[PDB]
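Mind having a look at this structure? Questions to follow.
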Amino acid sequence: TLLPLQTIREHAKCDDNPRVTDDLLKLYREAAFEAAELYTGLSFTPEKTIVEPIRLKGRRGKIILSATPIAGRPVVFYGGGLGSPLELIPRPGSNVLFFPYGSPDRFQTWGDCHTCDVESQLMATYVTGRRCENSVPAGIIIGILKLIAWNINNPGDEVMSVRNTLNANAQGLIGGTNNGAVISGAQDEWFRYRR
Amino acid sequence: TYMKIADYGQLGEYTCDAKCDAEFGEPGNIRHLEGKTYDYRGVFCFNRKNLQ
Amino acid sequence: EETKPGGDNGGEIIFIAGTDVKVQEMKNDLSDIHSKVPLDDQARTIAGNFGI
Amino acid sequence: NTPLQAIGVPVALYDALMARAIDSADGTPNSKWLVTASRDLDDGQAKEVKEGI
Amino acid sequence: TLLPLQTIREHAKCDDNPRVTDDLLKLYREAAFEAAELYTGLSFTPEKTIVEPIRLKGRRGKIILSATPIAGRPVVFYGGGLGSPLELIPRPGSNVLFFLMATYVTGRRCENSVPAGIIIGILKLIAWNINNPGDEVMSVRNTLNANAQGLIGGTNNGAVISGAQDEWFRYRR
Amino acid sequence: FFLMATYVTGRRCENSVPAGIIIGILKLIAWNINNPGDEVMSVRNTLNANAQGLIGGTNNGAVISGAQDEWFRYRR
């Protein structure tokens, strides 16, 4: 539904001469979509609720949510001396949120020789997949088309190594950075979204 | 904020006088909770001649 | 220019996005214009010749 | 005839330099370690690298 | 209405080849207008609200809005030690303001826009992507190379080797 | 940051195999079937004279294809 094979075969100069069968084009396309999503940070399913122990960095509220939940949905916290849960509206685009230093309660359990009364750690539950209706811009789309266009004719036979920063490594190798979706335009395409 | 210790645990058990050990007991809770304070204010005006 | 003492954005850094501009800071010593060493020598001559 | 006649210029210099002191005191970054990454770092671990440092 | 397909097919000289249909050309056309409103900013979206809480630590209360509202619509703030909500008229172009929750709108588009300068970079970006896919990283004048050390690199990337990136800088600061 | 701990690991379950095999292993097996290690190569060429020591430090039989690079990007 996102990208039909006809759009791939038309941009990638392979409608007339296939050069690839169909199932590998599916196989390449899955790889094309699961490379940009983790390069910028995204998913392909809505409401991906994640339960996760949140480790408050310092104490001034340097909590970092590992999935950047919805832009206005209240994330809930519990455990870690938090006797009563409390919600929090997160930042859109960023995950750096702040734990209010004002504690609502501290339900400690002084005295026990079965759990050494240490703590139940601070935990949080929130929803990922802020992308319902799936409205990803064409930016990732064109780069993904560039990724498949690079991979359709690159089985791994030619070397195709391009130079990086000037100084030649002391080992005397051929260089580095011979990478699909990198030595092509793909990186320059879906970079207007990475912060 | 202030302390709110809930209930002392049950520590001793009247064990038999042969075992070389006690038996664990229930813990107690302290409930470190808080409370805020409100404010009260208002205004009132006057003239200057009409007050002299 | 608007970083002088008492400016709009005074004391803040200067950001140039693209078209890298190149600054070079002049020295302008100006601390030996009177030639301090070959001046006091001649002063000592015209003072010693008067017997001072 | 007051000493204020011949101190006008230096007090102007004094206030000007102290003004430079105030502006340059608050306004210049006090941070170190200007770390910069590369263009192939899979943002999603670039934070992981940031958290590590 | 901004850029008609007849101008594209006559600029890129691609009108008799069915390999570039309308659907793929539309995908290119929306990919050259979303990268035009992002390197110099053009606000390509209908009027859109945003709910967003703000913070305090900033001494004088430097408040940056994460979505840069349109030009002058009053953003209202509430909560976080602020007893009564109040509006704020922001300066157009940027989102750096001065003094907690807030809500605003970011959707400036009613009257068609995009003066001539931006289209030129757009046509060049389209003219690039139609016949320059991600394979065969090229060299000077679109030739190939056999440089024993490595390759030249960064040439098959769009909008930077051709036009737009520098045909749009004239609208930056 | 809180010994011994056992834990069932692995997102295998529904045959995860996201990218790294699908791209890298195919590229590498192709490289190993159509490029055995017998002669040094160059960029889209069979040999460059260069009148000095060859640059065949890696392009002989190593992982030059984007295989190990997709492996990189998934480890990342």
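Note that the chains take the letters A, B, C, D, E and F in the order they are written out, and that residue 1 is the start of every chain.
Definition applied: contacts are C-beta pairs under 8 Å (C-beta built on N, C-alpha and C of every residue); 3 or more make two chains touch, one makes a residue touch a chain.
Novice: Please work out which of A-B and D-F is bridged by more C-beta pairs in contact, and write that pair.
Specialist: So, comparing the two chain pairs, more contacts are at A-B.
Novice: Which chain wins if you rank chains by how close their C-alpha centre is to the centre of all protein C-alpha atoms?
Specialist: Taking the mean of all protein C-alpha atoms as reference, the closest chain is A.
Novice: Distance between subunit C and subunit E based on Cα centroids, please, to the nearest Å.
Specialist: Whole-Å distance between the two chain centres: 48.
Novice: Between subunit B and subunit F, tell me the centre distance in angstrom, where each centre is the average of that chain's C-alpha atoms.
Specialist: Those two chain centres are 63 Å apart.
Novice: In angstrom, rounded to a whole number, how far apart do the mean CA points of subunit A and subunit E lie?
Specialist: 22
Novice: Considering subunit C alone, which of its residues make contact with at least two other chains?
Specialist: Expected reply: no residues.
Novice: Scan subunit E for residues touching two or more other chains and write them down.
Specialist: In subunit E, the residues touching two or more other chains are 147, 149-151.
Novice: Subunit A touches which residues of subunit B in the complex?
Specialist: Those in contact with subunit A are residues 1, 9, 24, 27-34.
Novice: Show me the residue ranges of subunit A that touch subunit B in the complex, using the header's touch definition.
Specialist: Residue list for subunit A touching subunit B: 83, 102-114, 117.
Novice: Show me the residue ranges of subunit E that touch subunit A in the complex, using the header's touch definition.
Specialist: 19-21, 23-24, 27-28, 30-31, 34-35, 38-39, 50-53, 55, 66-67, 101, 129, 133-135, 137, 147, 149-154, 156-160
Novice: Enumerate the contact residues on subunit E facing subunit F in the complex.
Specialist: 144-151
Novice: Contact residues on subunit F for subunit D in the complex?
Specialist: Within the complex, subunit F touches subunit D at residues 73, 76.
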